[PDB]
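What follows draws every value from the coordinates through simple rules; no lab data is involved. No Cβ is skipped: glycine too gets one built from the backbone with ideal geometry, and neighbour counts run over all protein chains shown.
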Amino acid sequence: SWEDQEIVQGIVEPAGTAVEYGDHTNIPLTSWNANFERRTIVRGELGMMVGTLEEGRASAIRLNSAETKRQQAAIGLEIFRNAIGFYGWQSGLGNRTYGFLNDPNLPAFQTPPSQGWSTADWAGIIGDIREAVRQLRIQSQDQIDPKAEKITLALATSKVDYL
Amino acid sequence: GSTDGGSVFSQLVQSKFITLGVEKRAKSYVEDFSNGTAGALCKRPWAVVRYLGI
Amino acid sequence: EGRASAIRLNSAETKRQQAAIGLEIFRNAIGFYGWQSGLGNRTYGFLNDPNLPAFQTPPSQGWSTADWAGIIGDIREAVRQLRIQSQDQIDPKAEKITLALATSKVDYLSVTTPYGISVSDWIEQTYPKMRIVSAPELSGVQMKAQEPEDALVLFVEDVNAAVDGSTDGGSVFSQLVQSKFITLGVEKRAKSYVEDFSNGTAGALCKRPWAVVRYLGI
Amino acid sequence: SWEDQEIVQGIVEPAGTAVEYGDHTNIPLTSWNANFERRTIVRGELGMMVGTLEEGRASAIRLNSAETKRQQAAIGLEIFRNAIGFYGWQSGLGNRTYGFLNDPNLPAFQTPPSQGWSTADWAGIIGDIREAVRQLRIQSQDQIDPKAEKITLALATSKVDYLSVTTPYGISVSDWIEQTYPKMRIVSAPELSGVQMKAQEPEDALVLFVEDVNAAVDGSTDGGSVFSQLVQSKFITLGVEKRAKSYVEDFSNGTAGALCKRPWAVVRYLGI
Amino acid sequence: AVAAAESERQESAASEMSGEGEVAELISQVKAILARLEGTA
Amino acid sequence: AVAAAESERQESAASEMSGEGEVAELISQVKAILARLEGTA
Amino acid sequence: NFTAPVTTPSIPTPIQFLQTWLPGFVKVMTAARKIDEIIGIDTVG
Amino acid sequence: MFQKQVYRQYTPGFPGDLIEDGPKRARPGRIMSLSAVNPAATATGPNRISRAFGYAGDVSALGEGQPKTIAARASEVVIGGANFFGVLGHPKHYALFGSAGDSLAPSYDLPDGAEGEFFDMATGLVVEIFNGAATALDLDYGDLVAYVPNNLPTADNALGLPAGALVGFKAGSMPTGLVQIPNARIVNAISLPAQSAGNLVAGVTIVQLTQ
Amino acid sequence: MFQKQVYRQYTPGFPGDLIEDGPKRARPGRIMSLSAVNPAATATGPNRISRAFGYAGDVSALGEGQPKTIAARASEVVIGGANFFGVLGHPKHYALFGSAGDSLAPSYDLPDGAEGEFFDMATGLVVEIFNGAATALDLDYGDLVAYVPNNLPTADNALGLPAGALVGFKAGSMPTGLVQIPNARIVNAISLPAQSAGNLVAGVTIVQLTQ
């Protein structure tokens, strides 16, 4: 809800190993445990003030001056939301709002095998992509779909042309 | 057996755009709106590989 | 149960599905490696069936030190061996053929010649309908002395019954499962209750040994 | 619901001061604040095992074994609940389950104007009662009128008969109480006797408290109960286990002790 | 029913075999569906 | 569910990958629509 | 031999879900207003 | 917070839990406080779940006068008492209180004066066990269990083991000062690497059979 | 006889009763006779309930002929056990036979060669335990149990304890000649005062954990 402060996500690790069946053997039992992660909520605000003479004068040139201000407020809040979702909001100060790039539960930000792509050749870029995919498959224990179906490779916009 | 939805990353948005209020004055009026967002949550860190300095 | 239900978690349901998933792990491991075949228990898997051809060594030795040509030669020799053993029992473009790989070597299908042609591209342009899968259990199948040997298994999936008149069904391999998940019973006590489930599996049976080529230590 | 681990009660304090009216003058505002108090929940259990030949031979002497054991299980859980309600449960070890005599928010026990009702005459006992009512009126800042308010006098069972102390003219304490305070209800409890020790001599206890306060006098949307025994359930059949030649029955109950939401409406005296 | 099951099965096989093989098998299954559509009418 | 938003999500996904994968997923979605057409009749 | 647990072992249920909050709030009262009880009330203005 | 990795199988269980169902005996008790312990009480512990507690008196009586109501047979136990009461367990019984402001922070520690379920015996119990020496150890099917007491002298507790930490030794090798749980057996087999006082590697959780 | 004082609660139980539920093992047996024990009977007791009886042969095979008939698996026991058969219990299974001049007097005795179930295993069994020494003793949770035998020399049994009387003896203060019940533990905590040979002091009813 809008009038909230935090959102909590639960991670439940289950546990249990089978045994060979026996009529009189003691029954193995499964179990579970739960951990929780909290993330605070950032509320952005934007408004518009419109006057009567301004309304008439702008409507004279077929511009609303109130609908365009409304959609500009919407677009500004969208820019705020996208920036929050990419970088997080004041995570350095301890706000507990992390984005796509500064999440605490992410693996350490590695360095590519070929160093920079700008000085690298075709083989270096191929090696970097191959090592990334191999590391993902090793971490995931082969939970990757055929042909890397549900795998997104997100790039810097200044380096996608190097593809 | 996860019942969360199965996504690895989730951008937590409370609301894209809500109209907070309208105040009508004598010769003008103000309209104020807000939005809420909790950033992005990584629920499956094992399925991520990051390279810096490319 | 009440405390767990307070946090919108059904303790009984999550415990029961964890029991199901644990039995599934048991079944998959039995199907891959067999159960106590070393002690002579006579339930083998996809990797240690007695009626399988001897685990060969690839012509290029390991793929880690091999180039594009070596990997291509290994795949070509495996396919040629399968065709010679099967006496041309392979569908057009190697349709009903599955290539199972170690999970640590599937990324070697992305190894290229220095001029920009991958092993996967070679398979695309040579055997376009060849199924390619990679299994975690197919990595580190054996030991040379301390180095986990990685495996490649090329086999025909199914053989049509018209040519031979088989009433079996035509599958080369079959994982004999008695039941995925059965509820053994419920024992209700004064302040708790126990629920017991079971499953059965007879490993994997290879009915057509001729339609299998295996490489060890790629 | 027998299951929750704590019970929380909220107290709201409003704040606002009026100013003299004027148009174009700044509007004075008001606000509020909230505080919360929590108590823990204690679950007790009791059971009963019955065999076949045990019932068969118990029926010979015209006694029902299972019925008696089930009744004793219920009575034992009742004893647990009552003892928790009167004394809490491990209040000194960090558990927040408190009782009718142990609530931290309660005012401290006071020495009565008369040293003890054993030696005090009729004037002494009625003076102690009147002084307790005086303290109750002062504490409430004249908001609770004891003449027309339901007010409970909880006494030790060893001093309730001292309400029969008479003068030579036949005026007991009971006449004075029931004529001066017609709405006053006198209750006696054995747990209220020997509540504390002074020197190898049990001290008895007297508690004056208003049963309920009207919503008009306080503005509360709660119910106005000064004291509340928060009992989750007096009896739950946890379950039964039928075995071949015997069966087990297991029951339980839950209780969070006693909570005093209005300390200003309680007066306590120790050592009458 | 059984037909739909067989379809889904051959589809998952036609998702793990190169690109040309995948596209050929998918177009063949598509044509089988159209042949069934012709058979219904 | 809605069967249209999922279709546009799959369209966006397919257009975002490479050419062979895009053509494979588009023909797979075409097959799914054809199968649903068969199911309706 | 035991597989290393992924989540750190912890008591499952947060305390917040095992609390019952009593209905209503206790309002803080003030001194009584008894001027009408003494000299009555009159509306003249 | 969530899975940062993927293993080939799930763990058999978490410490303090029951794996095998069979004849079991457990009793309730109150956690007391190592501060309330009259004697020195050297060994210090945070009421961890997989720890073996000791009896330290009764709290059956209620009241402050001569007539006291014995409401219940309540046991008042301490983390490292010499009179072994039971290994604390069943974490799902309790409520998470968080740790230092973060109400959702993980915690396996029961607050002082709370109520716990102390298994006196169980067919299978997952327990954290420790090393009684600084060398690597191998525990097999025929291995015994001994827990650290509250009054373990500093000379004996060189490794600085926790208060109620169950160790796990071999026949005729009980680390000095340690007191044995009778008829306690290490069911599953594990290996503990070499450790020091500073490192003190947490011994891998183990299935144990008690009585 | 009739309630002469009203208390705040009820007793936890009575000797011979089961106060806790869980794993338990009891076997039937026949009381036999103390006048049939080969080495006479240096200790003597009137087959009371909360007493530890021991094995004294089998009575399974019926018939005096050459082909026998084993009708049932039956055993005969004696109160002065040498090999511990079981602690007699469950007094609701029996009848009030008599007390030699008072047929309705309260008695816990069993007639000679009568039926009885003797507990090998019990989650909690309410018994009475005597003091093996003339001095007072405080028995707590971490304490063991031991039963007197009939062949106990009179020098060892200075206090004149009965034949099958149970005794608490701390952990390393075993009275000489007493027979220990293996893995038997004292659950409830009580304190017995100092006693002499003549007055003894029947031990207060108390819960114990058997095997």
>> Against the definition (more than 14 Å from chain H (Cβ to nearest Cβ) and either free of Cβ contacts under 8 Å to residues at least 24 places away in the same chain or not aromatic (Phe, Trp, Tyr) (or both)), how does D:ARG57 come out, yes or no?
In response: yes
>> So, in segment I:31-80, how many residues would count as being under 24 Å from I:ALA197 (Cβ atoms), touching a strand residue (DSSP E or B) at 6+ places or on another chain (Cβ under 6 Å) and polar (S, T, N, Q)?
In response: 2
>> Filter segment I:185-211 down to the residues that are part of a loop (DSSP other than H, G, I, E, B) and within 27 Å of H:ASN183 (Cα to Cα) and list them by number.
In response: I:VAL187, I:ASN188, I:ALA189, I:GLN211
> How many residues are buried (at least 23 other Cβ atoms within 10 Å of the Cβ) and either in a strand (DSSP E or B) or within 14 Å of chain I (Cβ to nearest Cβ) (or both) when one looks only at segment H:102-117?
Replying inline: 1
> Out of (1) in contact with a helix residue (DSSP H, G or I) (Cβ under 8 Å, 6 or more places away or on another chain); (2) within 26 Å of F:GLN10 (Cα to Cα), what's the single condition that is false for A:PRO146?
Replying inline: (1)
>> Being crowded, with 16+ Cβ neighbours inside 10 Å and within 16 Å of I:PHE119 (Cβ to Cβ) is the filter here; which residues of segment I:79-92 pass it?
In response: I:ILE79, I:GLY81, I:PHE84, I:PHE85, I:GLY86, I:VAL87, I:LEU88, I:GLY89, I:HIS90, I:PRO91, I:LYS92
>> Anything in segment D:223-243 that is out of contact with any helix residue (DSSP H, G or I) (no Cβ under 9 Å at 6 or more places or on another chain) and part of a loop (DSSP other than H, G, I, E, B)? List them, or say none.
In response: D:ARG243
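Any chance you could count how many residues in segment A:72-94 are assigned to a loop (DSSP other than H, G, I, E, B) and either facing chain B (nearest Cβ under 9 Å) or in contact with a helix residue (DSSP H, G or I) (Cβ under 8 Å, 6 or more places away or on another chain) (or both)?
Looking only at that region, the number is 3.
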> Exactly one of (1) in a helix (DSSP H, G or I); (2) under 30 Å from I:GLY116 (Cα atoms) is unmet by D:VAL50. Its number?
Replying inline: (1)
> In segment H:181-208, what count of residues is obtained for those that are within 10 Å of another protein chain (Cβ to nearest Cβ) and under 21 Å from H:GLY81 (Cα atoms)?
Replying inline: 2
> Which of the residues that make up segment H:125-163 are assigned to a strand (DSSP E or B) and more than 27 Å from H:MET32 (Cα to Cα)?
Replying inline: H:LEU137, H:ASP138, H:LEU139, H:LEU144
>> Take the residues in segment E:6-23 that are among the small types (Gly, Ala, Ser) and either more than 7 Å from every other protein chain (Cβ to nearest Cβ) or touching a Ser or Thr at 6+ places or on another chain (Cβ under 6 Å) (or both); name whichever of them is surrounded by the most Cβ atoms within 10 Å (Cβ to Cβ).
In response: E:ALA14
> From the residues in segment D:95-129 that are among the β-branched types (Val, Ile, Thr) and in a helix (DSSP H, G or I), which one is farthest from H:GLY65 (Cα to Cα)?
Replying inline: D:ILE126
> If C:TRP35 passes every condition in (1) away from chain A (no Cβ under 12 Å); (2) touching a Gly at 6+ places or on another chain (Cβ under 8 Å); (3) of a type in the set (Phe, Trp, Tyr) but one, which one does it miss?
Replying inline: (1)
> Residues in segment D:187-217 that are part of a helix (DSSP H, G or I) and either on the phi > 0 side of the Ramachandran plot or more than 14 Å from chain H (Cβ to nearest Cβ) (or both): how many?
Replying inline: 3
> Mind checking which residues of segment I:125-147 are farther than 21 Å from H:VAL77 by Cβ and of a type outside the set (A, V, I, L, M)?
Replying inline: I:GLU128, I:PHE130, I:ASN131, I:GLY132, I:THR135, I:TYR147
> Of all residues in segment A:119-137 being more than 7 Å from every other protein chain (Cβ to nearest Cβ) and of a type in the set (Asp, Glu), which is nearest to C:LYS105 (Cα to Cα)?
Replying inline: A:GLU131
>> I'd like the full set of residues that are among the aliphatic types (A, V, I, L, M) and over 22 Å from D:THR157 (Cβ atoms), limited to segment D:200-225.
In response: D:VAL210, D:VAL213, D:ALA215, D:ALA216, D:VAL217
>> For segment C:141-186, which positions are of a type in the set (S, T, N, Q) and in a strand (DSSP E or B)?
In response: C:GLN142, C:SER171, C:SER174, C:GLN175, C:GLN178, C:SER179, C:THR183
>> For segment D:2-32, give me the residue count where each residue is more than 7 Å from every other protein chain (Cβ to nearest Cβ), out of contact with any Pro (no Cβ under 8 Å at 6 or more places or on another chain) and part of a loop (DSSP other than H, G, I, E, B).
In response: 11
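Here is a yes/no grid of residues against (1) crowded, with 22+ Cβ neighbours inside 10 Å; (2) touching a residue at least 40 places away in the same chain (Cβ under 8 Å); (3) more than 14 Å from chain H (Cβ to nearest Cβ):
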position	(1), (2), (3)
I:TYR147	yes, yes, yes
I:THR154	no, yes, yes
I:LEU159	no, yes, yes
I:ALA165	yes, yes, yes
I:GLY168	yes, no, no
I:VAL179	no, yes, yes
>> Please go through (1) crowded, with 20+ Cβ neighbours inside 10 Å; (2) part of a strand (DSSP E or B) for D:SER220 and return the number of the only condition it doesn't satisfy.
In response: (2)
>> Tally up the residues in segment C:78-110 that are surrounded by 18 or more Cβ atoms within 10 Å (Cβ to Cβ) and either in contact (Cβ under 8 Å) with a residue 12 or more places away in the chain or aliphatic (A, V, I, L, M) (or both), please.
In response: 19
>> Looking only at segment H:91-101, how many residues end up being touching a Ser or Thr at 6+ places or on another chain (Cβ under 9 Å) and either at the interface with chain I (Cβ under 10 Å from one of its Cβ atoms) or among the aliphatic types (A, V, I, L, M) (or both)?
In response: 2
>> Just checking, does segment C:43-54 include any residue being farther than 30 Å from A:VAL8 by Cβ, surrounded by 14 or more Cβ atoms within 10 Å (Cβ to Cβ), within 18 Å of the chain's Cα centre (by Cα) and within 14 Å of chain A (Cβ to nearest Cβ)?
In response: yes
> Inside segment G:1-15, can you point out the residues that are under 33 Å from the mean Cα position of the chain (by Cα) and either more than 7 Å from every other protein chain (Cβ to nearest Cβ) or of a type in the set (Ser, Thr, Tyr) (or both)?
Replying inline: G:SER10, G:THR13
> Are any residues in segment E:24-33 more than 7 Å from chain F (Cβ to nearest Cβ) and surrounded by fewer than 20 Cβ atoms within 10 Å (Cβ to Cβ), and if so, which ones?
Replying inline: E:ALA24, E:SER28, E:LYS31, E:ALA32
